[PDB]
Amino acid sequence: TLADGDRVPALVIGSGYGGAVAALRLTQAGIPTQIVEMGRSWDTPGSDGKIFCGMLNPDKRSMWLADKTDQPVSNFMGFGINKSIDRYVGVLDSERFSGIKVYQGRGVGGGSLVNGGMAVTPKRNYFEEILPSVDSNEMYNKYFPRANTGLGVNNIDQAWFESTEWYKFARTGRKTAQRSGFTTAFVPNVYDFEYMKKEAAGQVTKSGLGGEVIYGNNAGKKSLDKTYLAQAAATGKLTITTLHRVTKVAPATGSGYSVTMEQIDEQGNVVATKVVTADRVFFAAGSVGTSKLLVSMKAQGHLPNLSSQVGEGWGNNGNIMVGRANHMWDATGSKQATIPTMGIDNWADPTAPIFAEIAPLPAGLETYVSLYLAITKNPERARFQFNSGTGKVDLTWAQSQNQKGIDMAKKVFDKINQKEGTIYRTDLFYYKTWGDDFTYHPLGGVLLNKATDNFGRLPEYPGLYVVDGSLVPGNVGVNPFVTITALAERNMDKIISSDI
Ligand SMILES: Cc1cc2nc3c(=O)[nH]c(=O)nc-3n(C[C@H](O)[C@H](O)[C@H](O)COP(=O)(O)OP(=O)(O)OC[C@H]3O[C@@H](n4cnc5c(N)ncnc54)[C@H](O)[C@@H]3O)c2cc1C
């Protein structure tokens, strides 16, 4: 664990997708690497003997330093309860800005701990439009495959999918989508589907078939600590320091960068502060975490020479959640896997460009609800800005900016409602139909080739690199983590061969 006064060759801030890629490639190149993570390592059993808590009866392990459990669905037939808990270094951070809540994973593995495991490669044509500076041949011939393979991506057995009661909700969602002319697609995942069959057979401990996902999975889900980070640790050159929040990065005297961090206990109390010197720093604190850091450092005069583009172009991957009421003959089932495997792909339609996951609502009883999380091609963006008064970084995103996304989603769902003669639910979230006040997919803030060079370097400060979701221009049209991993793979390849 890092100590005040230490000097290290390479320091990776954060341990999500970008961080895990940076750590693996650096250590394989033989460079001793330190990861600093603000959350805890999730490899120690809790009170009940399990590492993570489930969603039906969550405890303090659920939330990052909060007083109530939380998720988008709110108090709906027993699901999504807001129970009082003690402040603890739990796994899911519902980080509130003025116009949006940004859900983020905290701990060794970052968002991989809490996400739905959906591993989607973006459409080449859209990729080529939004990231024109990137050689797409390299991406599709090499980096995307490298990412999918490293992540442990696999596909569900389609025959098993058709027969199992656990995916009845997905079959119902497929049926009504197709009746209205919409294309559906299976979605690859890092959840071990062979393990899932055994869960269904009652031969192994249930996780995905046991009400677990958003506060972690005790089995089945291949989070980064089981893949990239395990491989990085196998080199013998990785050190992970947990419960340390990086608060400041500034040029050190002579060379390198002073990195200030707050050590916290498991209740979130700062117990000590340390400053270490690093020759190279890799920002992988996430779209929000890295943007807040760099926007603060620039505003407070620590890295005053950073680009004017730092803080610009944040987006929410057009996230909109909605639920529809099925008629009684279209039940969705009392047994629902927590891992989505199917989506509605309408991205090609210029008038309603959305890719919607058919999401489970694993309440354990028949609700007749079809739930969807839509990625819409919402052009709206926002920026982070340092608030002098408060000393905090604000996000200028306004909830009204989700209106364009709702209009796009509505074009698809209104058509299905018209065909099926159904209405939307208005009770899943305060009498609101559209879940438009949160995102699971923060993207941007430090755009590739705008705030950084074409490989994620901050050119004004040699030795500083950005390798995470802050690089992505606000929207990729699909679940983001594969893109973040593949971009990180591309960047590390170049940086290691060119700079190191
Ligand atoms: C509920 C939910 C469901 C999702 N489902 C999917 C899905 O199925 N598929 C998909 O593609 N995407 C999904 N996502 C999004 C995906 O998880 C993120 O896009 C991804 O994890 C971002 O990768 P990253 O490396 O940019 O950062 P993160 O994975 O967010 O990692 C950032 C890490 O840095 C740490 N950190 C932050 N600030 C500091 C600091 N100052 N000091 C030190 N450490 C710090 C954080 O604790 C965290 O561990 C989902 C997200 C959520 C919240």
# chains A, B, ... in the order shown; residues from 1 in each chain; ligands from 1

$ residues_around --residues "residue 39 in chain A" --least-positions-apart "2" --cutoff "7 Å" --atoms "only C-alpha atoms" --output "list in words"
residues 37, 41, 89, 106, 107, 108, 242 and 243 of chain A

$ write_last_selection --atoms "C-alpha atoms" --output "JSON list (two decimals), in the first residue's frame"
[["chain", "number", "residue", "atom", "x", "y", "z"],
["A", 37, "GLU", "CA", -8.83, 2.96, -5.78],
["A", 41, "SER", "CA", -11.65, -4.67, -2.49],
["A", 89, "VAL", "CA", -18.03, 2.13, 1.54],
["A", 106, "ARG", "CA", -16.98, 2.03, -6.40],
["A", 107, "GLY", "CA", -14.41, -0.60, -5.53],
["A", 108, "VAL", "CA", -11.70, -2.75, -7.12],
["A", 242, "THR", "CA", -7.76, 0.68, -1.72],
["A", 243, "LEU", "CA", -9.77, 3.22, 0.30]]

$ select_by_dssp --residues "range 205-370 of chain A" --states "alpha helix (DSSP H)" --output "list in words"
residues 228, 229, 230, 231, 232, 233, 234, 286, 287, 288, 289, 290, 291, 292, 293, 294, 295, 296, 297, 298 and 299 of chain A

$ select_by_dssp --residues "range 147-295 of chain A" --states "strand (DSSP E)" --output "PyMOL selection string"
chain A and resi 184-186+238-241+244-251+257-264+270-283

$ residues_around --residues "residue 59 in chain A" --least-positions-apart "2" --cutoff "8 Å" --atoms "only C-alpha atoms" --output "PyMOL selection string"
chain A and resi 53+57+61-62+69+83+85

$ residues_near_ligand --ligand "ligand 1" --cutoff "7 Å" --atoms "only C-alpha atoms and all ligand atoms" --output "VMD selection string"
chain A and resid 13 to 19 36 to 39 103 to 112 114 to 120 214 244 to 247 284 to 287 289 to 290 293 440 to 442 468 to 470 479 to 482 484

$ closest_residue --among "A:344, A:91, A:395, A:371" --to "residue 433 in chain A" --atoms "only C-alpha atoms"
A:371

$ residues_around --residues "range 403-420 of chain A" --least-positions-apart "2" --cutoff "7 Å" --atoms "only C-alpha atoms" --output "list in words"
residues 176, 177, 180, 318, 320, 352, 353, 354, 374, 376, 377, 378, 400, 401, 422 and 423 of chain A

$ write_last_selection --atoms "N, CA and C atoms" --output "mmCIF file, in the first residue's frame"
data_model
loop_
_atom_site.group_PDB
_atom_site.id
_atom_site.type_symbol
_atom_site.label_atom_id
_atom_site.label_comp_id
_atom_site.auth_asym_id
_atom_site.auth_seq_id
_atom_site.Cartn_x
_atom_site.Cartn_y
_atom_site.Cartn_z
ATOM 1 N N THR A 176 -43.757 -8.468 -28.574
ATOM 2 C CA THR A 176 -44.436 -7.201 -28.869
ATOM 3 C C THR A 176 -43.595 -6.231 -29.718
ATOM 4 N N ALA A 177 -42.268 -6.322 -29.607
ATOM 5 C CA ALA A 177 -41.391 -5.512 -30.449
ATOM 6 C C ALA A 177 -41.536 -5.959 -31.914
ATOM 7 N N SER A 180 -44.618 -5.129 -33.980
ATOM 8 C CA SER A 180 -44.620 -3.770 -34.491
ATOM 9 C C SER A 180 -43.510 -3.472 -35.496
ATOM 10 N N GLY A 318 -27.651 9.116 -23.887
ATOM 11 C CA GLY A 318 -29.091 9.256 -24.102
ATOM 12 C C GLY A 318 -30.015 8.367 -23.274
ATOM 13 N N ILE A 320 -32.749 6.659 -21.162
ATOM 14 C CA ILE A 320 -34.139 6.920 -20.775
ATOM 15 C C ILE A 320 -34.720 5.570 -20.354
ATOM 16 N N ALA A 352 -36.153 7.759 -35.176
ATOM 17 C CA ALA A 352 -36.262 7.251 -33.796
ATOM 18 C C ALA A 352 -35.067 6.327 -33.549
ATOM 19 N N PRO A 353 -33.851 6.896 -33.567
ATOM 20 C CA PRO A 353 -32.636 6.106 -33.384
ATOM 21 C C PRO A 353 -32.408 5.752 -31.911
ATOM 22 N N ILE A 354 -32.851 4.544 -31.551
ATOM 23 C CA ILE A 354 -32.688 4.013 -30.201
ATOM 24 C C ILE A 354 -32.239 2.558 -30.224
ATOM 25 N N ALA A 374 -33.484 2.605 -22.668
ATOM 26 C CA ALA A 374 -33.172 3.011 -24.028
ATOM 27 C C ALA A 374 -31.942 3.877 -24.102
ATOM 28 N N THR A 376 -30.654 6.469 -26.632
ATOM 29 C CA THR A 376 -31.202 7.273 -27.730
ATOM 30 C C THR A 376 -30.079 8.152 -28.304
ATOM 31 N N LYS A 377 -30.192 8.543 -29.569
ATOM 32 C CA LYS A 377 -29.162 9.380 -30.179
ATOM 33 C C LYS A 377 -29.451 10.852 -29.866
ATOM 34 N N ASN A 378 -29.444 11.177 -28.578
ATOM 35 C CA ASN A 378 -29.704 12.523 -28.081
ATOM 36 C C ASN A 378 -28.436 13.366 -28.330
ATOM 37 N N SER A 400 -34.226 18.815 -18.593
ATOM 38 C CA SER A 400 -34.937 19.155 -19.830
ATOM 39 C C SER A 400 -34.176 18.720 -21.100
ATOM 40 N N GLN A 401 -32.861 18.547 -20.977
ATOM 41 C CA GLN A 401 -32.042 18.099 -22.097
ATOM 42 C C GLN A 401 -32.349 16.657 -22.490
ATOM 43 N N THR A 422 -52.039 -0.971 -25.197
ATOM 44 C CA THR A 422 -51.565 -0.889 -23.810
ATOM 45 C C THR A 422 -51.189 0.542 -23.455
ATOM 46 N N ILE A 423 -51.008 0.802 -22.165
ATOM 47 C CA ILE A 423 -50.549 2.107 -21.705
ATOM 48 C C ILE A 423 -49.218 1.965 -20.969
#

$ closest_residue --among "A:235, A:158, A:33, A:217" --to "residue 52 in chain A" --atoms "only C-alpha atoms"
A:217

$ closest_residue --among "A:28, A:183, A:98, A:291" --to "residue 397 in chain A" --atoms "only C-alpha atoms"
A:98

$ closest_residue --among "A:312, A:437, A:138, A:225" --to "residue 24 in chain A" --atoms "only C-alpha atoms"
A:225

$ atom_distance --atom1 "CA of residue 364 in chain A" --atom2 "CA of residue 87 in chain A"
28.1 Å

$ closest_atom_pairs --of "range 251-347 of chain A" --to "range 446-460 of chain A" --cutoff "12 Å" --atoms "only C-alpha atoms" --output "Markdown table"
| residue | atom | partner | partner_atom | distance |
| --- | --- | --- | --- | --- |
| A:251 | CA | A:460 | CA | 11.3 |
| A:280 | CA | A:457 | CA | 10.8 |
| A:281 | CA | A:457 | CA | 10.3 |
| A:282 | CA | A:457 | CA | 9.2 |
| A:283 | CA | A:456 | CA | 9.7 |
| A:284 | CA | A:456 | CA | 11.1 |
| A:285 | CA | A:446 | CA | 11.9 |
| A:286 | CA | A:446 | CA | 10.4 |
| A:287 | CA | A:446 | CA | 7.9 |
| A:288 | CA | A:446 | CA | 9.8 |
| A:289 | CA | A:446 | CA | 10.9 |
| A:290 | CA | A:446 | CA | 8.1 |
| A:291 | CA | A:446 | CA | 6.4 |
| A:292 | CA | A:446 | CA | 10.1 |
| A:293 | CA | A:446 | CA | 10.8 |
| A:294 | CA | A:446 | CA | 8.6 |
| A:295 | CA | A:446 | CA | 9.4 |
| A:298 | CA | A:460 | CA | 11.8 |
| A:303 | CA | A:460 | CA | 8.9 |
| A:304 | CA | A:460 | CA | 9.5 |
| A:305 | CA | A:460 | CA | 6.3 |
| A:306 | CA | A:460 | CA | 6.3 |
| A:307 | CA | A:451 | CA | 5.5 |
| A:308 | CA | A:451 | CA | 7.3 |
| A:309 | CA | A:451 | CA | 4.8 |
| A:310 | CA | A:446 | CA | 5.2 |
| A:311 | CA | A:446 | CA | 6.0 |
| A:312 | CA | A:446 | CA | 6.6 |
| A:313 | CA | A:447 | CA | 7.1 |
| A:314 | CA | A:446 | CA | 8.1 |
| A:315 | CA | A:447 | CA | 11.0 |

$ residues_around --residues "residue 342 in chain A" --least-positions-apart "4" --cutoff "7 Å" --atoms "only C-alpha atoms" --output "PyMOL selection string"
chain A and resi 170+184-187+357-358

$ write_last_selection --atoms "N, CA, C and O atoms" --output "CSV table (one decimal), in the first residue's frame"
chain,number,residue,atom,x,y,z
A,170,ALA,N,-38.2,-11.6,-21.5
A,170,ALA,CA,-37.5,-11.2,-22.7
A,170,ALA,C,-38.2,-11.7,-23.9
A,170,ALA,O,-38.3,-11.0,-24.9
A,184,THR,N,-35.1,-7.2,-33.1
A,184,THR,CA,-34.5,-7.5,-31.8
A,184,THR,C,-33.2,-8.2,-32.0
A,184,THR,O,-32.9,-8.8,-33.1
A,185,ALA,N,-32.3,-8.2,-31.0
A,185,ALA,CA,-31.0,-8.8,-31.1
A,185,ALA,C,-30.6,-9.4,-29.8
A,185,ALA,O,-31.0,-8.8,-28.7
A,186,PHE,N,-29.9,-10.5,-29.8
A,186,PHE,CA,-29.3,-11.0,-28.6
A,186,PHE,C,-28.1,-10.1,-28.2
A,186,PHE,O,-27.4,-9.5,-29.1
A,187,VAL,N,-27.8,-10.0,-27.0
A,187,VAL,CA,-26.7,-9.1,-26.5
A,187,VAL,C,-25.7,-10.0,-25.8
A,187,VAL,O,-26.0,-10.8,-24.9
A,357,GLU,N,-32.6,-1.9,-24.2
A,357,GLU,CA,-32.5,-3.2,-23.6
A,357,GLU,C,-33.9,-3.6,-23.0
A,357,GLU,O,-34.6,-2.7,-22.4
A,358,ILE,N,-34.3,-4.8,-23.1
A,358,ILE,CA,-35.5,-5.3,-22.5
A,358,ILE,C,-34.9,-5.8,-21.1
A,358,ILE,O,-34.2,-6.8,-21.0

$ atom_distance --atom1 "CA of residue 335 in chain A" --atom2 "CA of residue 195 in chain A"
17.1 Å

$ closest_residue --among "A:331, A:363, A:252, A:478" --to "residue 188 in chain A" --atoms "only C-alpha atoms"
A:478

$ residues_around --residues "residue 361 in chain A" --least-positions-apart "3" --cutoff "12 Å" --atoms "only C-alpha atoms" --output "VMD selection string"
chain A and resid 55 to 56 71 to 80 166 to 170 211 to 213 322 to 324 332 to 340 358 364 to 373 428

$ residues_around --residues "range 190-193 of chain A" --least-positions-apart "6" --cutoff "8 Å" --atoms "only C-alpha atoms" --output "list in words"
residues 117, 118, 119, 151, 152, 153, 154, 155, 156, 157, 220, 221, 222, 223 and 339 of chain A

$ write_last_selection --atoms "N, CA, C and O atoms" --output "mmCIF file, in the first residue's frame"
data_model
loop_
_atom_site.group_PDB
_atom_site.id
_atom_site.type_symbol
_atom_site.label_atom_id
_atom_site.label_comp_id
_atom_site.auth_asym_id
_atom_site.auth_seq_id
_atom_site.Cartn_x
_atom_site.Cartn_y
_atom_site.Cartn_z
ATOM 1 N N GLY A 117 -23.332 -6.481 -17.237
ATOM 2 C CA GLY A 117 -22.459 -7.356 -18.006
ATOM 3 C C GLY A 117 -22.601 -7.320 -19.514
ATOM 4 O O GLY A 117 -21.874 -8.053 -20.209
ATOM 5 N N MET A 118 -23.478 -6.466 -20.034
ATOM 6 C CA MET A 118 -23.753 -6.433 -21.485
ATOM 7 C C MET A 118 -22.559 -5.862 -22.240
ATOM 8 O O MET A 118 -22.162 -4.718 -22.016
ATOM 9 N N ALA A 119 -22.007 -6.683 -23.130
ATOM 10 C CA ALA A 119 -20.760 -6.383 -23.821
ATOM 11 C C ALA A 119 -21.047 -6.256 -25.317
ATOM 12 O O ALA A 119 -21.140 -7.260 -26.035
ATOM 13 N N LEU A 151 -12.190 -9.558 -21.906
ATOM 14 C CA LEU A 151 -13.332 -9.425 -21.005
ATOM 15 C C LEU A 151 -14.066 -10.731 -20.712
ATOM 16 O O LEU A 151 -14.838 -10.800 -19.762
ATOM 17 N N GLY A 152 -13.847 -11.750 -21.538
ATOM 18 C CA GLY A 152 -14.516 -13.023 -21.344
ATOM 19 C C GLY A 152 -15.948 -13.008 -21.850
ATOM 20 O O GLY A 152 -16.836 -13.620 -21.256
ATOM 21 N N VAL A 153 -16.164 -12.338 -22.973
ATOM 22 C CA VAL A 153 -17.499 -12.227 -23.555
ATOM 23 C C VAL A 153 -18.015 -13.573 -24.090
ATOM 24 O O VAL A 153 -17.257 -14.349 -24.683
ATOM 25 N N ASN A 154 -19.296 -13.849 -23.865
ATOM 26 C CA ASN A 154 -19.933 -15.065 -24.373
ATOM 27 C C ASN A 154 -21.402 -14.811 -24.685
ATOM 28 O O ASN A 154 -21.944 -13.754 -24.370
ATOM 29 N N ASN A 155 -22.015 -15.744 -25.394
ATOM 30 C CA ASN A 155 -23.403 -15.604 -25.782
ATOM 31 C C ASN A 155 -24.243 -16.685 -25.157
ATOM 32 O O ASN A 155 -23.766 -17.795 -24.887
ATOM 33 N N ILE A 156 -25.500 -16.348 -24.911
ATOM 34 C CA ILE A 156 -26.420 -17.285 -24.293
ATOM 35 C C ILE A 156 -26.783 -18.397 -25.303
ATOM 36 O O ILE A 156 -26.793 -18.173 -26.520
ATOM 37 N N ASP A 157 -26.975 -19.609 -24.791
ATOM 38 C CA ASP A 157 -27.444 -20.736 -25.592
ATOM 39 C C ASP A 157 -28.885 -20.376 -25.956
ATOM 40 O O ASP A 157 -29.749 -20.278 -25.086
ATOM 41 N N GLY A 220 -20.979 -16.032 -11.065
ATOM 42 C CA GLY A 220 -21.349 -15.908 -12.475
ATOM 43 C C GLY A 220 -20.820 -14.735 -13.286
ATOM 44 O O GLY A 220 -20.343 -14.921 -14.403
ATOM 45 N N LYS A 221 -20.927 -13.526 -12.753
ATOM 46 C CA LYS A 221 -20.506 -12.334 -13.490
ATOM 47 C C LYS A 221 -18.997 -12.130 -13.471
ATOM 48 O O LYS A 221 -18.383 -12.030 -12.397
ATOM 49 N N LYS A 222 -18.392 -12.088 -14.658
ATOM 50 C CA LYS A 222 -16.953 -11.868 -14.737
ATOM 51 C C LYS A 222 -16.573 -10.395 -14.646
ATOM 52 O O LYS A 222 -16.381 -9.738 -15.659
ATOM 53 N N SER A 223 -16.552 -9.883 -13.413
ATOM 54 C CA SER A 223 -16.127 -8.514 -13.132
ATOM 55 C C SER A 223 -14.611 -8.449 -13.357
ATOM 56 O O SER A 223 -13.946 -9.484 -13.450
ATOM 57 N N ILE A 339 -29.927 -10.566 -15.556
ATOM 58 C CA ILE A 339 -29.006 -10.241 -16.639
ATOM 59 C C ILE A 339 -29.753 -10.121 -17.982
ATOM 60 O O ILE A 339 -30.190 -11.120 -18.530
#

$ closest_residue --among "A:386, A:461, A:424, A:97" --to "residue 325 in chain A" --atoms "only C-alpha atoms"
A:424
